[PDB]
């Protein structure tokens, strides 16, 4: 059964993806109602140098936009900035607009990515929000505007829109309100990502999933207290756990309390010694405790 990333189904999101073109830039937009949200960098005359966005807005011609989906051409009637996103009002309303809210994702939380290639949905996969506000996915040219989403209790939330990839390979996007996650600039810059902080909540859930998979070599007879682990975590770029309550079910099923896995984290952070855990060679923090519980038990 192992442990793998899953994506919630994409049915409600795909009919909202449109191809947005301006000049030499071709990417994706999110068509909801008569609005189309896209990364505002699409109207940049040159993405190899610093962009003055209000200068580009004052020189924008709505007749140069090309917003389409399949065989429907959407005429742009108004353009406005909203943060780092471009909000374009079109002459047609999306007949397949789903009931939806807008939500911001926090660090250590999982969501789904509908990877779209120049207006065409191509694939869908699950990601996780790193401490600095980035994610580790797979984006290439023409995939900006790809939408992140998550369904909670039958409520569809749009949470992410892709903008850029940093030099270290981390991927940077914004919420649908135009606020960039982690506060990164939407410029072709050399800006750095901070030091990454592993979510210890997720590493413990990852280690519980490995015990359910019959992988127990990393568990010894040594325990480590919560307080002592939290003192170790802040000097080793791990978050501190508030409590062990979230793992009550996983601990009873596997026969290992959180304190046993906390000791494993400290030992395995120095290297797996040549062995693997769920095919990984390092600690994985992309699975929340709720994810692991649902994937293993439903």
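Residue numbers count along the first chain shown, from 1.
Per the records, residue 76 is modelled in every other compared entry, just as the shown structure includes it, so no third of them leave it out. For residue 181, the fraction of other compared entries lacking coordinates, among those that model flanking residues, is zero, nowhere near a third. The mean C-alpha temperature factor is higher for 58 to 66 when 259 to 267 and 58 to 66 are set side by side. For the two regions 212 to 220 and 125 to 133, the entry's Cα B-factors average higher over 212 to 220. The entry lists C-alpha B-factors for 284, 20, 17, 277, and the highest of these is at 277. When the CA B factors of the chain's modelled residues are split into thirds, the value for residue 273 lands in the highest one. When all modelled residues of the chain are sorted by CA temperature factor, residue 118 is found within the middle third. Among the modelled residues of the chain, residue 194 sits in the highest third by CA temperature factor in this PDB entry.
The entry lists a Cα temperature factor for residue 93 that places it in the middle third of the chain's modelled residues. Per the PDB record, residue ranking by Cα B-factor puts residue 180 in the lowest third of the chain.
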